[PDB]
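A.B. asks: This is the structure I have questions about; it appears just below.
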Amino acid sequence: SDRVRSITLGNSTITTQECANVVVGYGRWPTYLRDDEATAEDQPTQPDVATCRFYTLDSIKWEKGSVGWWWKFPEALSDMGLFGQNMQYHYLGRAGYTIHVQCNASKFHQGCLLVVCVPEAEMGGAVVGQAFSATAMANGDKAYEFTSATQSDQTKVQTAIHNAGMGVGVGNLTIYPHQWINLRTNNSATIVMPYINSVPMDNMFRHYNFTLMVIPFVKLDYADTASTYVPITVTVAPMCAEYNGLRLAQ
Amino acid sequence: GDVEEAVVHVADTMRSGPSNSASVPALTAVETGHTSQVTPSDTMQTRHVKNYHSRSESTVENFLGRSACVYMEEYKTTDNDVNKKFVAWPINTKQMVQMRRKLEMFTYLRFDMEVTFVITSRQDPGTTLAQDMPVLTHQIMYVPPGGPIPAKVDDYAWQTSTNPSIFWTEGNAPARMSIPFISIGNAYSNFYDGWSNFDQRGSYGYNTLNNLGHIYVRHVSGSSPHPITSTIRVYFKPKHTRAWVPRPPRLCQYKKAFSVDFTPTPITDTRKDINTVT
Amino acid sequence: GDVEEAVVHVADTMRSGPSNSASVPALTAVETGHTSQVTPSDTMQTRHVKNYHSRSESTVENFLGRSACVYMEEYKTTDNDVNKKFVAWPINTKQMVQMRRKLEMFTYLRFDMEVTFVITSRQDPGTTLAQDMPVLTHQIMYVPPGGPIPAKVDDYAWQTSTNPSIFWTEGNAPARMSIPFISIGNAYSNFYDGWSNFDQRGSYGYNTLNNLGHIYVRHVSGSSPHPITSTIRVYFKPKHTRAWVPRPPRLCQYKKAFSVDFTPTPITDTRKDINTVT
Amino acid sequence: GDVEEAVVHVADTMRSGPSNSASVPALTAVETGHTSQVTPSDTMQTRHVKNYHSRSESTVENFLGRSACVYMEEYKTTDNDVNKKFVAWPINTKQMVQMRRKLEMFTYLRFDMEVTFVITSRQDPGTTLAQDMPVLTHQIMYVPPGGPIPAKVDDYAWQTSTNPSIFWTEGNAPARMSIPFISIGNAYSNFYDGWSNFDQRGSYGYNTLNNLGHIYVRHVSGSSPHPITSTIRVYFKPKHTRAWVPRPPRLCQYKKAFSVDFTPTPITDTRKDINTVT
Amino acid sequence: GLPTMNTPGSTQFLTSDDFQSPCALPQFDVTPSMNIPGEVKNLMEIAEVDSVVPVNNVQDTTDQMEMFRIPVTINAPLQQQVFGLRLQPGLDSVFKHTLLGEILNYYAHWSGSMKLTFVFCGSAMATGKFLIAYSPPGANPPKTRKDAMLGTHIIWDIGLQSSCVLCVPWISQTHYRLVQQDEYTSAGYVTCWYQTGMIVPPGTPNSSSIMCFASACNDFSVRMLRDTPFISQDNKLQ
Amino acid sequence: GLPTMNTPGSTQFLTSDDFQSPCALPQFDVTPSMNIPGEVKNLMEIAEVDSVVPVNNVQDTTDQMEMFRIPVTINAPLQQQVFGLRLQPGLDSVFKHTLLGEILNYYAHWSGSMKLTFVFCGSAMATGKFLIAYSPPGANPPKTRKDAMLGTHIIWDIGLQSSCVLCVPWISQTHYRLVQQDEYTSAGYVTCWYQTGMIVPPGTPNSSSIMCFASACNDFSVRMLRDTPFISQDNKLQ
Amino acid sequence: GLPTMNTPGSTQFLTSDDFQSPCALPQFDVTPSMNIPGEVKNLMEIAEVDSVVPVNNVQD
Amino acid sequence: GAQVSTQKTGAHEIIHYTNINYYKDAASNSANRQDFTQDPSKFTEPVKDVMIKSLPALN
Amino acid sequence: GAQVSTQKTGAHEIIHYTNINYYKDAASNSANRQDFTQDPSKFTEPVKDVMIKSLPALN
Amino acid sequence: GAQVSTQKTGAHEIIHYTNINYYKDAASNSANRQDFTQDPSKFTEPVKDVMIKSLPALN
Ligand SMILES: CN1CCN(Cc2ccc(NCc3ccc(C(F)(F)F)cc3)cc2)CC1
Ligand SMILES: CN1CCN(Cc2ccc(NCc3ccc(C(F)(F)F)cc3)cc2)CC1
Ligand SMILES: CN1CCN(Cc2ccc(NCc3ccc(C(F)(F)F)cc3)cc2)CC1
Ligand SMILES: CCCCCCCCCCCCCC(=O)O
Ligand SMILES: CCCCCCCCCCCCCC(=O)O
Ligand SMILES: CCCCCCCCCCCCCC(=O)O
């Protein structure tokens, strides 16, 4: 059977008995930087199994009225294991990621989720012509919620779900790498994202490489059951990570 | 040998007959993120068709290979306000909506540029218009970042020794020129989800990576007894283009020249009901 | 080899002598729809004549290979009426009678096009004419069907990013340009005996197949203290022509630009009697 | 064969590992006047890097291969003062600061020259400006040292029989011309630490070696009923350049066109203290 | 010098010309190229990607996201219509703003076949059959399932495979069709009808939803680059 | 004659063009060439020569020459800072007017590694050790020797060899950096600290001085020729 | 550049000239050709077809 | 890539010209008005059975 | 140093043009709009395991 | 009498141009900005005795 998948990174393993195929970025597997493309001169560090392993972020609840959530990376993993320390102590960084989303429900539930990774997901403010801090869009591992109605507070991003906070049609996000979690036939989605940027390496504290979004296209529904919500969990694992430019931490 | 001698039609349709088997091309699963590769030959009987259509006009090179206006401004030959006798424009491609949207369909671009300048002049209205003036001449100055900037029409900075410049006389063909790929990075970035300072503070968005310089224009020495107004239009035409990571086209109307801010918009228009087709 | 090296005179006349036989080339039968192929040699004695005349100038390529005006319109640089400061012409070849008749001798045509624009300007009369204006500039915009249409001289649509355009300055040679065969069908249709709707209703005639687009013209930025009027003339010159199904030339004068309507006309002129020859 | 068929990237970085030996590349002695040739590979571990950067744009040919203005002056078509109707400029490169500093980075230079002239005209203000004048024409005269010098606009000296001259009409492209290496010595001298007389008296400095001649400009025959003022700008563009003995760039502002005189200037700007880095 | 004569068109500025021009930064050294993942060499590649179609434009959608879901019920009158729409990818409001319609709106002519993919997002225990039919151009759209089934159609059975495709063949009298479609270049209609009905066991929701995806086949193509009308401005941005 | 059409850009004057033009002194005989010593074929050769860096810009230098000397004392509080500066070769006041900064100010982009050479000009009997460290870009510059030593650094021992070099490696996210550096293209900091302290025998001065030299490595390069802002005039020179 | 001199007739528009001009729709794909019956390559072919002559022009 | 072909002239009284294409689109080429092939049969003899001029048209 | 290449034309209906470069910078060359290679796999089939259209998508 | 030479371009991404001289004076030729030879030894190592970087500068 091709409906069972197993992933082993470092000292962690992920097993799924109910899953679809695996999507690999734009057809490119993560890899180390080549000699003829590098620009920095000093030897890079390659923490191997210490940084390349699965790290489970906090879990969320899926209710009948949920609208969606998003996470920004690597700020989400900024304070996780040795990966966060190595980020803090280095000036330049580079790594691909493997994203796994878990969501399981009985055969009597119905719903559809869209899992998509949006590189360079620049967002606009609620009040046009008014700046926001770096807290309305990323505060560590916590998830940020979309809104059904138009956002009105000037201190946070425009959370209109149908526009996805980017001024584009929400239905056109299919262009980016993505997968669907349909409770009829699926419980997890796996995406392998290579390193995408305009430069060989970049600082991970100043730049958000990509954004992860989960949107329920078909609202959850059920009848006459004791289960009131369906938790969702997200797991991420850096791949082929290498850092350069040791400075004082922070 | 003083010479060096240096087309891909769309797929054809194959004949298909009646079928009855366990193979089911029609059924698939979109949950995999995979777009189905079925063809009409796989779900109905079809004749053999030789197709000569080609996708030549849909290439990115041709799609972006059209000159489009990016900026216009007016300056007077003579006036009391010093700042009103010359133009100073920071180079950016976000000013005009059509070209902005065309470029914003891709995340990263790498191309050469071809710049064309169209200049026109007109005499301002007044109570006394009778005068005789010879043909006017204009100077276009390009100042890379960090260079000196003129503060008036007759400033010393207009004596370019290293800054490229073009002198143009009215009545001739529009000025034209070529620019190579001049980005510090490996490709231009239409979007930048990040900050300027390392502590996640300061400027945010694509405004941080805009350091292309300035352009200045003036009348060389024309100073009419009566005011004369001139307008300049700048046209960009990418060449040898390469693109990466396509993204959905924008839906909401633009509102700022250096921000993504927008107002929520409906997905599309409505109709009477789900069955209305008239 | 850096080079590649790449005429049919009319028939001659053969000598014929006296004849007396059962063969009768003269008699035939037009009821068959067959045009007789007899020659003067078949009905009288003739000498041998070597003929060097050629039909080179009678080919369709040369017959239709002449530039002909198809439209003219006037627009003012400044005026109170917004609609009077620019032109908007739906492309069609039925406006001018000479070219219309020349084209209408065939049912289907397939050719490339060469378009030339002639623009002239003149100063409108008035009580005060003394003014000085630099050379004017004009913009020609082509909008394929379905594209945005400007509503005023200074509309945003004039910032063409995909629509081809030409900027021209007075005093130079007329603008020229080439257009390929841009018909959805396999050939242009001068006539269409059919309707638009499937139930035989709606528009009727060749008006249904005219979807070539529009052309717009304006002064780039010229705005004189006193009005100035300009006129533009459009010339079409088919190239690489092919024709099918010739039809008789028209006899009645044209009366509508998008219809075949006409008034009955006599077959030809009269004379005193059937024997008058003077 | 009618054809003749006629790149140096910067150094790469080699991989280096841990070291512990008596060799000490880091320590040296500047007292020898020798600049250390160490590389980052000699003091820390480094990866292998293939570098494609090139120093093409830093060559002297490209650095000095840009046209720069060297002189401008104004002359009127008609006026009471005879000396005000034409220009007379002794050739020298010390008039304009940017080009002067660019050239003064080397002691000796040897190059060909390309000279371009930009001329513009404007009508002077007055109580009555209504007039009609045809296009103006200008003459540029070059007089090697010792030749006759005109004393008025209509002098006989303007009938050049050996002196090269250029006649230019307004509305066309700027005049251009080439000059070879015309120094009596083996190379131009930007500096000359010496005197004119053998007893160490007389003129001092680079003024002694400036004997390049003069340039004269006038309106050929234009004489308007009302005054008209014209301005000429001269641009120099060295070609086929060679330089010797580089010297530090100047620090103090220029104050004389034929002397090195200056005012003492601080070495650089100040900061709060030796540890301030913010 | 060499005798020459200028022909018409000299000194004109054509926005779609191809001529050489001088470089103002001679001997400029460009940054070395890098192979960023996800290179695109033709807009058709984008056009062949699926996108959600907002079919539920019922003029009373207080919630925008409701536009993407087609309602379905348990005890449906036999042979009822599920939805109907016009096949105008570049003009109909349904396909106007999709990932495909956006690309077509930059062109004037289009040709080729299209793919419509439907996915059932109900419960795992629910079952049913649906008939999806494409009706070529005609004087009247179908009103009943008997009329609809005469044209090209496919019977969709809901099971382990949650999605089915409906290739809309390219049937036209001309090699190309106008994006700004009219009566002359009409393309037909697409409709869906109940084939057997939806049946659910006890303890399940009484309603479900379906979603539609639109994309182009490998024989699709476009022509005549034009400016899109969806975006406009009244003043210079600042 | 030969048909021709003028393209846009005709009759324009571009200051960086390369075209042939007539010679106004035909058959002119130039003076024979002579090989003067010290030919220069590239400004980088000049850029690779050392020059004294005026580090002591203390805003109270009544004597200008004092700017070139870094003071040092005998009984220094343990682990004290000697000096600190920003690594902006083309913008910082320290490197602005040096032989290298002057060259960079004629360009817009630069890349490559740099060399900093320090020479001890004290007594022959004096001795000491110093720590010189380069800190890549970050949110905060180092404040103490413990913070400084984490980055690239070298321990300098004063002996018979009076000078030591500190190669500043090229560590950047982009292939090039702007001469008019900003927060995006920051380069870091350089600082020096006492490692052991300076010890002198009886009968010697209680203070000494150090000098710094700046130069470019063999992998340095520049780009985008521009006009320098250090020189200006208000009226024509006479 | 290459020295040249313009001869009389430059910048004129002759309605029967044959010159190359730029294409404003580069890389445009034309519709495939089809052999429609009844192609005509010379007006003389039309001229050789019979036609009824109105000889009886009797003014009444 | 230069074509050499003869130019129109008299009957019995260097009659060569050179052409080069500068643009990448065939629509930009000059008119090909040097073709002189023709066949009036399609309009003059559209009958099925061939008829000989000498023999009677019918019977 | 002249390149000769074919020009765009019809399907089955001297189709050569000559080009020469006059400037020393490659940025001055004309647009190279004659390339027609394309590959939609990167966006249409980004899956790891190859799926056959005929066989069922899952199991 | 036409020279063919390569034109400046990228590192690993018909790169030929033709030049002809029309005037009889070499001063009329275009700038020869294609030379990239350089040698910093004259200014960086003007010493008489060669010094090795690895060995001590003195003794
Ligand atoms: C936001 N967009 C990023 C990419 N960038 C591309 C780009 C780069 C450079 C130019 N230069 C135009 C130009 C200015 C001035 C001259 C001068 F006249 F000074 F020589 C010549 C060309 C344009 C676009 C666009 C913005
Ligand atoms: C009724 N006739 C049918 C055949 N049709 C032939 C035909 C097709 C296209 C054109 N285009 C002319 C043209 C318009 C605009 C431009 C622009 F300036 F926008 F580039 C260029 C060419 C002409 C005739 C004629 C009508
Ligand atoms: C102080 N600098 C010494 C080197 N010298 C170089 C140099 C030499 C000759 C010229 N000639 C310019 C020129 C003048 C006049 C004409 C004329 F129009 F008469 F033909 C042509 C060229 C320039 C610079 C510069 C000073
Ligand atoms: C864009 C093409 C410009 C052609 C310029 C004139 C021809 C120069 C080359 C001499 C003719 C040889 C042409 C060939 O090899 O076929
Ligand atoms: C600056 C280049 C000017 C070229 C002038 C037109 C070409 C003249 C030479 C004929 C073509 C041969 C070129 C070649 O040898 O490749
Ligand atoms: C004054 C020189 C005019 C040259 C005109 C263009 C070149 C025409 C000849 C074709 C190129 C061949 C030159 C050669 O034999 O080297």
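Each chain in the structure tokens gets a letter, A, B and so on, in the order shown; residues start at 1 in every chain, and ligands are counted from 1 in the order they appear.
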DSSP on the backbone: which residues in chain G end up as strand (DSSP E or B)? Give the answer as an NGL selection string.
C.D. replies: :G and (4-6 or 23 or 39-40 or 42)
A.B. asks: Save the residues we just selected, C-alpha atoms, as an mmCIF file, in the first residue's frame?
C.D. replies:
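Once everything was written out, this is selection.cif:
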data_model
loop_
_atom_site.group_PDB
_atom_site.id
_atom_site.type_symbol
_atom_site.label_atom_id
_atom_site.label_comp_id
_atom_site.auth_asym_id
_atom_site.auth_seq_id
_atom_site.Cartn_x
_atom_site.Cartn_y
_atom_site.Cartn_z
ATOM 1 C CA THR G 4 26.613 58.738 -45.338
ATOM 2 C CA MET G 5 24.728 61.365 -47.379
ATOM 3 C CA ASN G 6 20.937 61.537 -47.928
ATOM 4 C CA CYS G 23 6.167 44.311 -36.956
ATOM 5 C CA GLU G 39 -8.390 30.571 -55.999
ATOM 6 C CA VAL G 40 -7.687 33.451 -58.390
ATOM 7 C CA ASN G 42 -4.673 37.036 -61.967
#
A.B. asks: So that I can check the surroundings of residue 2 in chain H, please list as number ranges by chain every protein, DNA and RNA residue that reaches within 10 Å of it, counting only C-alpha atoms and ignoring chain neighbours fewer than 6 positions away.
C.D. replies: C: 1-5; H: 18-21; I: 4, 14, 16-18
A.B. asks: Can I get the selection written as a compact mmCIF listing (two decimals), in the first residue's frame, with C-alpha atoms?
C.D. replies:
# COMPACT_ATOMS: atom_id res chain seq x y z
CA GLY C 1 28.37 30.58 -50.29
CA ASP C 2 26.99 33.85 -48.77
CA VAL C 3 24.56 34.35 -51.73
CA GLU C 4 21.56 32.34 -53.06
CA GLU C 5 20.60 33.04 -56.71
CA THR H 18 20.24 42.16 -53.88
CA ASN H 19 17.84 41.77 -50.96
CA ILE H 20 18.42 41.15 -47.26
CA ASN H 21 15.89 40.69 -44.45
CA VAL I 4 21.61 33.81 -40.16
CA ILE I 14 13.28 33.42 -48.10
CA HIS I 16 15.82 34.11 -43.40
CA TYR I 17 17.16 37.24 -41.72
CA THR I 18 20.65 38.49 -40.90
A.B. asks: Taking only C-alpha atoms into account and nothing else, which residues of chain J lie no more than 10 Å away from chain E? Please answer as a list in words.
C.D. replies: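 Only these qualify: residues 7, 8, 9, 10, 11, 12, 13, 33 and 34 of chain J.
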A.B. asks: Select the residues contacting ligand 1 at a distance of at most 7 Å, based on only C-alpha atoms and all ligand atoms, then format the selection as a ChimeraX atom specification.
C.D. replies: /B:91-94,113,115,140-143,164-166,177-179,181-182,188-190,210,212,215 /E:24
A.B. asks: What does the distance between atom 2 (N, counted along the ligand's line) of ligand 3 and CA of residue 209 in chain D come to in Å, to one decimal place?
C.D. replies: 8.9 Å
A.B. asks: Would you mind listing what lies within 8 Å of residue 213 in chain E as a PyMOL selection string, with only C-alpha atoms counted and same-chain residues fewer than 3 positions away left out?
C.D. replies: chain E and resi 50-53+115-118
A.B. asks: For a test of reading the model, state the distance in Å between CA of residue 230 in chain B and CA of residue 126 in chain B, rounded to one decimal.
C.D. replies: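 Straight-line distance from CA of residue 230 in chain B to CA of residue 126 in chain B works out to 16.3 Å.
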A.B. asks: Check every residue of chain B for an atom within 9 Å of chain F, counting only C-alpha atoms, and provide those that qualify as number ranges by chain.
C.D. replies: B: 116, 143-149, 155-157, 160-169, 172-177, 182-186, 195-199, 208-209, 211
A.B. asks: Define the interface residues of chain C facing chain B as those within 6 Å, counting only C-alpha atoms, and report them as a PDB file with N, CA and C atoms, in the first residue's frame.
C.D. replies:
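Dumped to part02.pdb:
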ATOM      1  N   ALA C 130      -1.290  85.550 -32.404  1.00  0.00           N
ATOM      2  CA  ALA C 130       0.130  85.640 -32.078  1.00  0.00           C
ATOM      3  C   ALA C 130       0.453  84.705 -30.920  1.00  0.00           C
ATOM      4  N   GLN C 131       1.247  83.673 -31.193  1.00  0.00           N
ATOM      5  CA  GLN C 131       1.722  82.773 -30.154  1.00  0.00           C
ATOM      6  C   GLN C 131       2.935  82.019 -30.675  1.00  0.00           C
ATOM      7  N   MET C 133       4.727  78.187 -30.197  1.00  0.00           N
ATOM      8  CA  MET C 133       4.558  76.831 -29.700  1.00  0.00           C
ATOM      9  C   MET C 133       5.675  75.949 -30.242  1.00  0.00           C
ATOM     10  N   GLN C 159      -1.186  54.842 -20.750  1.00  0.00           N
ATOM     11  CA  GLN C 159       0.109  54.407 -20.230  1.00  0.00           C
ATOM     12  C   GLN C 159       0.468  53.014 -20.722  1.00  0.00           C
ATOM     13  N   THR C 160       0.160  52.730 -21.984  1.00  0.00           N
ATOM     14  CA  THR C 160       0.195  51.383 -22.546  1.00  0.00           C
ATOM     15  C   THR C 160       1.363  50.570 -22.013  1.00  0.00           C
ATOM     16  N   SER C 161       1.045  49.408 -21.444  1.00  0.00           N
ATOM     17  CA  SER C 161       2.046  48.433 -21.044  1.00  0.00           C
ATOM     18  C   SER C 161       2.045  47.196 -21.929  1.00  0.00           C
ATOM     19  N   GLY C 222       0.610  68.579 -25.738  1.00  0.00           N
ATOM     20  CA  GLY C 222       0.386  69.897 -26.292  1.00  0.00           C
ATOM     21  C   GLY C 222      -0.931  70.501 -25.853  1.00  0.00           C
ATOM     22  N   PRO C 225      -2.229  78.032 -25.996  1.00  0.00           N
ATOM     23  CA  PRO C 225      -3.156  79.079 -25.538  1.00  0.00           C
ATOM     24  C   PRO C 225      -4.331  79.270 -26.476  1.00  0.00           C
TER      25      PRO C 225
END
